[PDB]
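Working notes for the structure below.
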Amino acid sequence: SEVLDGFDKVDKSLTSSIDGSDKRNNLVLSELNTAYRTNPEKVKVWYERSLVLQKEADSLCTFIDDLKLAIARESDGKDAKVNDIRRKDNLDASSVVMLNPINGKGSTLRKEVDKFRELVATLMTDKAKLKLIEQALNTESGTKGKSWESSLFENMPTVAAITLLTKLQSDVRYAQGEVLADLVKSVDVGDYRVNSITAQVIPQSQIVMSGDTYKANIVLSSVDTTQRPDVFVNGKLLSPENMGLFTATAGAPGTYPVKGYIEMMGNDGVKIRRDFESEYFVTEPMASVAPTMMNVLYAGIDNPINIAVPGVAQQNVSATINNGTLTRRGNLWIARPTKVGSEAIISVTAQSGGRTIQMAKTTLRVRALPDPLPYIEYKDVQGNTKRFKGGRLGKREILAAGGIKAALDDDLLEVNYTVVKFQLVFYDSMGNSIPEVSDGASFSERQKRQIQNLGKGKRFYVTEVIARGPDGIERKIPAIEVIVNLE
Amino acid sequence: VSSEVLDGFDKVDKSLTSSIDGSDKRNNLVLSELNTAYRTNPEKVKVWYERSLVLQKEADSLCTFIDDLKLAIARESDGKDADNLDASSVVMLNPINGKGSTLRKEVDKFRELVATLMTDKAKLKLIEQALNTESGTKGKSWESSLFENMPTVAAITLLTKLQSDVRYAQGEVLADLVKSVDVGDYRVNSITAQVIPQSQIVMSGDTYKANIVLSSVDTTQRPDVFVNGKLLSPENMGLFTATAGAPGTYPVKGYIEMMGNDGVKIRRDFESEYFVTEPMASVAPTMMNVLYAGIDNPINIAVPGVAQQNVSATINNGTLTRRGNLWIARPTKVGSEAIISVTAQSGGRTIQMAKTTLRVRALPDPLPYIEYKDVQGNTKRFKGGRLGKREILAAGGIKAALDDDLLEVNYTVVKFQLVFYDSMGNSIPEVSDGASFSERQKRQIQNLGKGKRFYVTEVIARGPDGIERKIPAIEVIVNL
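In order, the protein sequences belong to chains A and B. Each residue of the first sequence is one higher than the one before, counting from 32 in the deposited numbering. Taken in order, the second sequence gives residues 30 to 111, 120 to 517; the numbers are from the deposited numbering.
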């Protein structure tokens with residue numbers, strides 16, 4: 032009597048839980064409906080799968096409702112309830128309904144459960160780890176050789192079988208609720224989650240010089256490690272295999288820009304884009320490649336120096352000097368020392384923005400101007416000019432040069448000298464030395480007459496030549512010997 | 030109770046136990062998901078993860094209580110056997134100690150906790166509140182209605198059903214606590230594209246690295262950027278600026294902190310470093326861009342912050358090797374140019390630097406001189422003019438050297454001539470015995486009256502570069 036009251040109380044608890052869970056799943060389905068009315072571009076698929084789930088779950092549950100009614104009717108009669116059945120048919124109805132080899136219903140219920148389980152396998156996308164739990168919740172395996180319907184409805188009372196069928200309905204409801212929750216969570220897969228929030232230090236220059244200023248912008252970023260947006264940068268699209276990492280090799284010096292935009296598929300179906308624009312500077316590094324014989328400055332003449340600092344422009348490098356004068360002139364400096372035989376330091380100072388960096392000092396040497404060499408600038412009849420540093424020359428070329436010039440050996444364009452005095456020594460027909468002086472830098476008249484009267488092959492000597500340099504001091508340059516020829 | 034009804038009760042018991050053990054794993058899995066999300070971004074998950082912990086605490090201390098109740102009912106039934122008896126009546130309704138009232142008090146406590154934790158979908162909470170109802174029929178208590186006249190296995194299966202309900206309720210509350218974490222929205226905060234570079238100022242030949250991302254920056258606040266012991270003033274917009282002092286490696290250590298939207302201060306630590314090298318001065322005259330051929334030109338290559346053990350340079354014109362802390366260049370193509378391409382090696386990279394262009398010439402021809410020690414004790418270099426007829430022969434002969442003092446190299450005379458002039462106008466040339474005066478030269482110097490001249494002419498002197506040159510001549514006026 033009351034032993035069945037306990038079982039029917041268990042059945043009442045199961046039915047109340049089924050009512051609760053079945054009304055609960057409707058709320059999630061209603062949330063899916065409201066979300067369908069908003070952005071039905073991909074919510075359509077989840078809504079349709081949820082509708083199919085509802086169809087199949089309600090089909091199986093109505094099947095089990097009719098099975099409970101058929102088990103209850105196989106006890107008392109057609110007019111019998113499904114809750115408080117009288118007495119206990121511990122052999123009569125539960126086995127005859129679910130095991131009759133003619134109208135076998137156990138196999139049919141088992142195959143319907145199998146259909147629902149495989150449908151769940153097809154509907155639940157993510158949480159495949161939980162798909163195994165949902166499958167175990169609908170296990171199709173009895174005990175030993177007895178089939179699934181066998182052990183459950185072999186020698187079972189009628190209420191003891193109605194309770195099992197109600198528990199099967201409850202399991203179907205819980206499974207469909209979990210699958211509906213899975214679909215709702217799958218509607219929001221790549222919807223811009225916040226995962227890593229880090230603090231970063233963006234430095235202007237990772238390497239600074241003593242006296243300069245370190246500049247670092249310290250910012251936070253709340254980026255998503257899941258979504259992969261399209262990052263168009265400097266015209267072309269960045270390869271998605273870079274995970275958003277613009278790489279550009281620093282070419283020629285300058286200020287290369289980095290401008291573009293990020294386009295990301297938003298969670299509401301529309302694409303959102305944000306434009307960005309920044310700059311990255313490039314410099315070229317130090318080559319202190321100085322042969323140990325460069326450090327010489329000549330006193331008097333303007334020495335052109337090239338002072339350069341990496342990154343700092345040409346109008347910010349400002350250098351001084353202690354021994355002489357250092358003056359800018361376009362892009363080059365010009366040095367004029369004073370004390371010959373002593374060193375000279377050049378203090379370099381740059382200015383990076385609003386602060387004066389004092390660069391490393393450099394000590395050079397100072398040496399007077401070298402002595403030039405005298406020559407007879409002669410050109411043959413074919414036009415091209417040559418210099419004559421002693422030897423054999425024609426009377427015509429000797430007279431055409433007008434005088435004795437003076438220039439450096441490795442001439443180039445540096446310095447230009449001039450002569451102030453020189454003598455010409457001849458030897459007459461008695462061994463006497465006739466030293467005739469010249470009109471400064473040009474030949475005299477006695478000299479030109481001697482040269483006109485010199486026989487083919489005789490020697491005359493340009494001696495005691497005093498020349499002048501731009502440093503304002505006169506110097507004695509070596510003598511030369513000339514032999515008259517005929518050409 | 031017949032054995033078949035007992036079998037049915039125990040079958041329902043085992044099926045409900047299977048449901049419990051499944052919905053238990055499906056809850057520990059959600060707790061693990063929450064724990065991983067808390068490992069990732071903890072600031073927005075602390076509250077809900079701690080609430081899930083509170084739930085697992087207070088939901089397991091109730092299932093353990095119901096397990097104890099089942100064990101006590103079984104103990105009473107076994108003590109009676111040592120059917121349909123008072124197994125659930127002496128345990129749940131004993132006026133001395135009846136655990137039914139305590140059970141429903143614990144159920145009300147857990148239900149109030151579930152009501153406290155469930156935030157969104159309060160109808161779902163109202164549903165959970167119905168699965169844990171404490172109400173009875175007619176004038177009986179809840180436990181009095183659930184355990185009055187019911188056998189052992191019926192009461193045990195009902196308690197197992199209560200455990201199953203508690204487990205499913207816990208799972209639903211966990212799902213709610215997941216939704217609340219996921220809807221901690223940061224997308225209502227405006228998103229901007231950020232270019233985060235490794236270094237904004239790079240060198241040529243290197244590379245510029247910069248991640249390009251979308252960050253949810255919140256310009257509505259004034260964040261605290263604590264940097265190196267002292268906080269940055271709020272009007273700096275988080276911009277660390279320090280003048281570089283002594284050269285070396287200086288750190289940039291600290292944190293940033295800003296008040297989140299949900300009231301939890303998000304703080305993130307950072308530690309970077311900036312290197313201070315030495316000031317560079319590239320001073321170089323353009324007139325001195327010369328590498329004399331033949332000989333060994335000493336060059337010194339210096340690079341900031343890189344010792345000479347890593348620098349490597351080459352040259353198209355000839356050879357360039359090392360001789361300690363400096364290189365030595367040896368060009369072999371006169372007149373043309375010579376470019377030196379330098380290569381440095383810092384941390385895991387080979388930097389190609391500036392190609393320095395230089396001009397190559399030949400060693401300048403020296404000047405000849407007669408090195409004479411005057412009778413006063415000094416040493417001078419006669420180069421034309423008057424000289425005595427003893428300081429000449431005492432010198433030995435003609436020497437030659439650079440008038441300047443770039444005297445890392447020195448020259449040697451190999452041949453010269455003395456050109457006397459006879460008493461008839463013709464010239465008398467006498468060759469030399471190397472760099473010293475020949476015997477005939479000494480004799481004809483000894484036979485020279487005052488005021489007479491002789492000329493050192495055709496002075497071939499050998500150089501350290503190999504080639505020999507013809508250097509100028511010098512006039513000597515013999516006097517007494």
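The beta carbon of each residue, even a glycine, is placed where N, CA and C say it ideally should be.
Option in the options with minimal Cα separation from residue i
i	options	result
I377/A	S383/A, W364/A and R386/A	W364/A
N334/B	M187/B, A318/B, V343/B and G355/B	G355/B
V397/B	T416/B, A391/B, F277/B and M325/B	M325/B
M155/B	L35/B, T380/B, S217/B and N415/B	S217/B
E143/A	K479/A, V41/A and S90/A	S90/A
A88/A	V74/A, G208/A and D157/A	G208/A
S126/B	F419/B, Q85/B, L183/B and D261/B	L183/B
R386/B	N347/B, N362/B and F419/B	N347/B
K54/B	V250/B, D97/B and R204/B	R204/B
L161/A	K392/B, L214/B and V59/B	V59/B
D219/B	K75/B, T449/B, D145/B and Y245/B	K75/B
is_contact[residue i, chain B] using C-beta, thresh 8 Å
i	result
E505/A	no
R118/A	no
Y245/A	yes
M129/A	no
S81/A	no
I228/A	yes
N134/A	no
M296/A	no
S126/A	no
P288/A	no
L268/A	no
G137/A	no
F184/A	no
Below-8 Å beta-carbon distance, residue i vs any chain A residue
i	result
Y409/B	no
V340/B	yes
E33/B	yes
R204/B	no
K420/B	yes
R148/B	no
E315/B	yes
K160/B	yes
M155/B	no
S181/B	no
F277/B	yes
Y223/B	yes
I95/B	no
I164/B	yes
Cβ-based burial, residue i [other Cβ within 10 Å; buried from 16]
i	result
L443/B	exposed
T494/A	buried
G176/B	exposed
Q200/A	buried
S138/A	exposed
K73/B	buried
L268/A	exposed
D202/B	buried
Supposed close pair residue i, residue j - CB separation, criterion 8 Å
i	j	result
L168/A	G51/B	6 Å
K436/A	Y409/A	Between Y409/A and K436/A the Cβ distance is about 10 Å, and since that is not below 8 Å, they are no contact.
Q258/A	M295/A	6 Å
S241/A	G242/B	About 25 Å; that fails the 8 Å criterion.
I228/A	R305/B	6 Å
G421/A	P401/B	Between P401/B and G421/A the Cβ distance is about 17 Å, and since that is not below 8 Å, they are no contact.
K489/B	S469/B	Contact flag wrong, Cβ pair sits at about 20 Å.
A212/B	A212/A	6 Å
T197/A	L45/A	4 Å
**Prompt:** Quick check: the segment 96-105 of chain B against the segment 144-151 of chain B, are there 3 or more CB pairs under 8 Å?
**Reply:** no
**Message:** Would you call the segment 423-430 of chain B in contact with the segment 31-40 of chain B, where contact means no fewer than 3 C-beta pairs closer than 8 Å?
**Reply:** no
**Item:** Touch test, the segment 263-273 of chain A against the segment 273-281 of chain B, Cβ-Cβ under 8 Å, three pairs minimum
**Value:** Contact between the segment 263-273 of chain A and the segment 273-281 of chain B is absent: fewer than three C-beta pairs spanning the two stretches fall below 8 Å.
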